[PDB]
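Number of protein chains: 6
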Amino acid sequence: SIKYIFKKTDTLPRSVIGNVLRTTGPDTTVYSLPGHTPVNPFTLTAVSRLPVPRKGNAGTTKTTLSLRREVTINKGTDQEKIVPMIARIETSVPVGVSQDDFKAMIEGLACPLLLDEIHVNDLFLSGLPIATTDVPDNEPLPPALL
Amino acid sequence: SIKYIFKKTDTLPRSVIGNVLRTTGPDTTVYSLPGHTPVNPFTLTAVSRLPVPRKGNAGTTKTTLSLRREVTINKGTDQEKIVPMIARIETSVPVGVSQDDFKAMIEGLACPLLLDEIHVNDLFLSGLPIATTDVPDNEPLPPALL
Amino acid sequence: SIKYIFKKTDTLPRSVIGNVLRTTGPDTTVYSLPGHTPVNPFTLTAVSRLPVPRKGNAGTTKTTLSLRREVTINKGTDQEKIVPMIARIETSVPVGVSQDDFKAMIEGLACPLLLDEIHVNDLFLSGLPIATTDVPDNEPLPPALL
Amino acid sequence: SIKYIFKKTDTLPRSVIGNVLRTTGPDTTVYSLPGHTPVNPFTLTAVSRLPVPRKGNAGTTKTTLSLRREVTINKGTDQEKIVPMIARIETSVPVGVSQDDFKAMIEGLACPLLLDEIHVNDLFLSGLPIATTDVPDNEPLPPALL
Amino acid sequence: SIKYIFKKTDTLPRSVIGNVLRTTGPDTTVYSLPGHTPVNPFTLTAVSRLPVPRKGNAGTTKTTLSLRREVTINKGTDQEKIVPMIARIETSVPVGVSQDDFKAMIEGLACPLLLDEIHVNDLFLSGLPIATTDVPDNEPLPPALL
Amino acid sequence: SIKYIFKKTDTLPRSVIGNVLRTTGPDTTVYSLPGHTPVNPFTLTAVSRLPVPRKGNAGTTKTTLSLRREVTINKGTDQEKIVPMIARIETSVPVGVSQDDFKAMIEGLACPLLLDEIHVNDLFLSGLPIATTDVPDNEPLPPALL
């Protein structure tokens, strides 16, 4: 039938608080987040590349948001190491696109991020395959995702 | 002071409903989403790459989720064109990473996705810089984002 | 006799409100103004070039402020086209200049901008010569313009 | 957030008074202003170029107003020198433009000219970057600048 | 015995007041200080370079603060010349360093700067060796400088 | 407006006590400070290069004062390391310079050194950008810094 890929959870997203650290390029700015020690850096890098219109073509805007934080893994144990975990949102939107359509697609894309620890460990860390869930035919159809 | 990068909005994520279309490779599976005509395809591709241990180095799990939808732009007008919009989540989690810390980063990353049409058009389509908002010192400090 | 080149009007200038868009170079910064769509861009570009001293010559500071709006022309009619209109202030001030003298020149220069629709359409759009008005010898002498 | 680029000041523009000096060309006329000595010339030059229609392209009207004053620098000191300061308005308006839209741009453009001595010396003479001022969210939204 | 290298003087440091002039690079920003004419410039340049981790090596933060002021020398006399004096603080702090220890070194380093005209002319201009002073064994031992 | 770059703090500088260790060159002398173990050396090196007058040119005196102390970083933890932190004052004063002017500039330069732990960690270790502080227009103007 039709299957849940990602069931929505009532887990609100954490607001993102920070302070601007350094502007690498004109299109690239880097923010330092809380807990950013020099030892264990925590940074959000934002790269927003504006659309250049060629003759007969509208531009296409690219936007990239990367959270990188280098954790001291297995500190207590010897041979403890500092290793970076990274999560990126990358988005290419051509000019003609409608804000309604793309905002709905974004809302859909945000769903796998806001999941419980069980699913998050099974998918993003362990690498286990995604478990499809049959939608109950008895229950109302989920939102169309425009 | 300290600035809101992305203020959290009370906008729940749309659940993601689909059906498995094809399995390109052993690590790559492609799902067809609602509204997927062959002319105007709309699909979630999922690429989960397991960690490969290296001598002296633990593996790192990579995970990539791409939504791609090819919209017809300005149909009524001349130069109607089918053009693809894409929104990707890409995540590299080294092995030793803790599920707690990484779910914290994920919850933070989901915040810019669930924004109002004004901010979303200003950032993802128009290409403006991020709208920063001074945190009221009087108001309580926002969540630390672990 | 002596003629009004531009009679002053009690028309206050609109304050200029915007948000910084991109910093092209170290001396060049580009602001996005209200109503800036990707389709119909609307921007203030500011280029402030510092004085470089020469052997035996003081420097001269150059300053350039350009408002560029690409407006859709004859939308309802066939052959509608997005065409740019531009208004620039360009100013070269040598170092030895007194702020008094130069603000006098500026106050003078501002006068033709703040005129009624009739004169503005006759001069800036139709291209007519400047409408000179004989100063009434009976009336007080206008400000000297330092 | 949204920033004042140039806050409007209640500083009326000086009316511009003069007398026609010479007509260099059919489109170019040069006015002599008060204080124009032969030693220290002071002139407004006006160049209004009519639109030339092109095959498939409407014309565009160009208009250029330049105030040039050659001031004596450091008279009391040795090496006193007559050096020119210039302030130009340059405006290109395509034919299809509405006088409403364009007078909006003009009113905006006039704002930085009518500023206090502190900002004028910081920007036009010293060469500092534009002083941006956060708009109070509490206060009313400034005029849209059409 | 043990010698005073630099005896502390009860001379408070002048607070540093300025205004941002230009941002040369992403790590380099230049401030114009009071008395900065283009002919006789006086500026604080600040270059803060982040630590770059190396495989097996923690980063090191470098920080450089340079005051440069070009004085007119012997103006009344012949061979009047504009010549620059420069005073720099340069600091390389590896990542693991403790703020306590480094603030101790800083406080110590500030001591030779805040000296009387006699010692300052003897050391920084004339070029004599450091004036060493035997610490009175009777008097209490000076602070350890951590 | 005008901004505090470094607000003066009522933190007196630590007097510098030491003992002469070795004279490397005629212009170079090296002092051993307290806590200088052979394991963890602590030294002030002073290099005062005298001015050589060329015909028609007064000399320029260079003076360099470097505190270097090699800390055992993260001693408790395994792979503890000895790493050197360094803070230098470097000063080039041409002959014609006035002791008054240069002593005022030195007093200014000493200000960022005598700051609180928060600012010192934010600037010298973390590498965060300098936070400019608006000077209260109501409050008296800070010292000019000659």
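Each protein sequence line maps, in turn, to chains AE, BS, AD, AP, AF and AN.
Residues in the first sequence are numbered consecutively from 1, following PDB author numbering.
Residues in the second sequence are numbered consecutively from 1, following PDB author numbering.
Residues in the third sequence are numbered consecutively from 1, following PDB author numbering.
Residues in the fourth sequence are numbered consecutively from 1, following PDB author numbering.
Residues in the fifth sequence are numbered consecutively from 1, following PDB author numbering.
Residues in the sixth sequence are numbered consecutively from 1, following PDB author numbering.
We put the CB at the ideal spot given by N, CA and C, even for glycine.
- Item | Amino acids of chain AD, ordered along the chain, whose beta-carbon sits closer than 9 Å to that of residue 59(AE) | Against residue 59(AE), the close residues of chain AD are 38, in the order they occur along the chain (beta-carbon pairs closer than 9 Å).
- Below 8 Å CB to CB, which residues in the same chain sit around residue 102(AF) once its five sequence neighbours on both sides are set aside? Cβ neighbours of residue 102(AF) beyond the five flanking positions: 93.
- Query: Given that residue 128(AP) touches chain AF, what residues does it touch there, using C-beta distances under 9 Å?
  - Reply: Within chain AF, the residues near residue 128(AP) are 19, 20, 21, 22, 32.
- Message: Applying the 10 Å Cβ sphere with the 16-neighbour rule, what's the burial state of residue 133(AE)?
- Response: Answer is exposed; the Cβ neighbour count stays below 16.
- Give me the Cα-Cα distance between residue 62(AF) and residue 31(AE), rounded to the nearest whole angstrom. Near 19 Å, if we compare the C-alpha coordinates of residue 31(AE) and residue 62(AF).
- Task: Report all residues from its chain with a CB closer than 6 Å to the CB of residue 41(AE); omit the five preceding and five following residues, and keep chain order.
- Result: Here the set comprises 70.
- Message: Residues of the stretch 39-58 of chain AE in Cβ contact with chain AD at a cutoff of 8 Å, in chain order, please.
- Response: Identification of residues in the stretch 39-58 of chain AE having a C-beta nearer than 8 Å to some C-beta of chain AD yields 50, 51, 58, given in sequence order.
- What residue range is occupied by the uninterrupted beta strand (DSSP E) comprising residue 20(AP)? Boundaries of the beta strand (DSSP E) around residue 20(AP): 16-22.
- Item | Beta-bridge partners of residue 139(BS), as assigned by DSSP | For residue 139(BS), DSSP records no beta bridge to any residue.
- Query: Which chain AD residues are close to residue 125(BS), counting only those with a beta carbon under 8 Å from its beta carbon?
  - Reply: Neighbours of residue 125(BS) in chain AD, taken as residues at a C-beta separation under 8 Å, are given in chain order as 38.
- Task: Check residue 52(AN) in the structure and name its three-state DSSP category.
- Result: Assigned with DSSP and collapsed to three states, residue 52(AN) falls in coil, not helix or strand.
- Message: Taking the alpha carbon of residue 104(AP) as the reference point, which residue from 128(AD), 19(AD), 21(AD), 87(AD) has its own alpha carbon closest?
- Response: Ranking the options by Cα distance to residue 104(AP), first place goes to 87(AD).
- Is the shortest distance between the beta-carbon of residue 76(AD) and the beta-carbons of chain AP less than 8 Å? Cβ-Cβ to chain AP under 8 Å: no for residue 76(AD).
- Taking all protein chains shown into account, do 16 or more other C-beta atoms lie within 10 angstroms of the C-beta of residue 122(BS), making it buried, or fewer, making it exposed? Burial call: buried.
- Item | Exposure label - residue 48(AD); buried when at least 16 CB within 10 Å | The residue in question, residue 48(AD), is buried, as its Cβ has 16 or more Cβ neighbours within 10 Å.
- Item | Simplified DSSP state of residue 103(AF), which is helix, strand or coil | Here residue 103(AF) carries a helix assignment [DSSP, helix/strand/coil].
- Going by beta carbon distance, what residues of the same chain come within less than 8 Å of residue 27(AN), once the five residues before and after it are set aside? Within the same chain, residue 27(AN) has close Cβ partners 47, 48, 49, 50.
- Task: For residue 121(AF), name the three-state secondary structure that DSSP assigns.
- Result: Looking at residue 121(AF) - three-state DSSP - the assignment turns out to be helix.
- Straight-line gap, residue 9(AN) to residue 144(AF) (C-alpha atoms, nearest Å): The C-alpha of residue 9(AN) lies about 22 Å from the C-alpha of residue 144(AF).
- Query: Assuming residue 17(AE) and residue 89(BS) make a contact with CB atoms under 8 Å, what is their CB distance in whole Å?
  - Reply: The beta carbons of residue 17(AE) and residue 89(BS) sit about 21 Å from each other, so the pair does not count as a contact at 8 Å.
- Task: Assign residue 52(AN) to buried or exposed, taking buried as 16 or more other Cβ atoms, counted over all protein chains shown, within 10 Å of its Cβ.
- Result: Per the 10 Å Cβ criterion, exposed.
- Task: Indicate whether at least one CB of chain AE lies closer than 8 Å to the CB of residue 96(AF).
- Result: Contact with chain AE is found for residue 96(AF), since one of that chain's Cβ atoms lies less than 8 Å from the residue's Cβ.
- Message: Please return the same chain residues whose Cβ sits closer than 6 Å to the Cβ of residue 95(BS), not counting the five positions on each side in sequence.
- Response: For residue 95(BS), where only same-chain residues beyond five positions count, the Cβ hits under 6 Å are 51, 58, 59.
- Consult DSSP for residue 46(AN) and reduce its assignment to one of helix, strand or coil. DSSP places residue 46(AN) in strand when its eight states are reduced to three.
- Does DSSP classify residue 128(AN) as helix, strand or coil? It is coil, neither helix nor strand.
- Among 128(AE), 115(AE), 141(AE), which one has its Cα closest to the Cα of residue 7(AE)? Of 128(AE), 115(AE), 141(AE), the smallest CA-CA separation from residue 7(AE) is found for 115(AE).
- Task: Please determine, among 15(AF), 81(AF), 140(AF), the residue with the shortest C-alpha to C-alpha distance to residue 141(AN).
- Result: Comparing Cα-Cα distances from residue 141(AN) to each of 15(AF), 81(AF), 140(AF), the minimum goes to 15(AF).
- Message: When you compare the CB positions of residue 124(AP) and residue 91(AD), do they come within less than 8 Å of one another, or not?
- Response: Yes. Within cutoff.
- Item | CA-to-CA distance, residue 34(AD) to residue 74(AD), given in whole angstroms | Straight through space, the alpha carbons of residue 34(AD) and residue 74(AD) are spaced by roughly 22 Å.
- Message: I need the straight-line Cα distance from residue 11(AF) to residue 112(AN), nearest angstrom please.
- Response: Those two C-alpha atoms are separated by around 15 Å.
- If you draw a straight line from the C-alpha of residue 56(AN) to the C-alpha of residue 5(AP), how long is it? Using only the alpha carbons, I get a separation of about 51 Å.
- Query: Does the separation of the CB atoms of residue 110(BS) and residue 13(AE) fall below 8 Å?
  - Reply: The Cβ atoms of residue 110(BS) and residue 13(AE) lie closer than 8 Å to each other.
- Considering only C-alpha positions, which residue in the set 137(AN), 20(AN), 136(AN), 98(AN) is nearest to residue 45(AN)? The residue from 137(AN), 20(AN), 136(AN), 98(AN) with its alpha-carbon nearest to that of residue 45(AN) is 20(AN).
- Task: Please look up how many angstroms separate the CB atoms of residue 120(BS) and residue 106(AE), rounded, as I've assumed it's under 8 Å.
- Result: About 7 Å separates the two Cβ atoms, so the contact holds.
- For chain AP, find out if any of its Cβ atoms is closer than 8 Å to the Cβ of residue 25(AD); answer yes or no. Taking Cβ atoms only, chain AP never reaches closer than 8 Å to residue 25(AD), which makes this a no.
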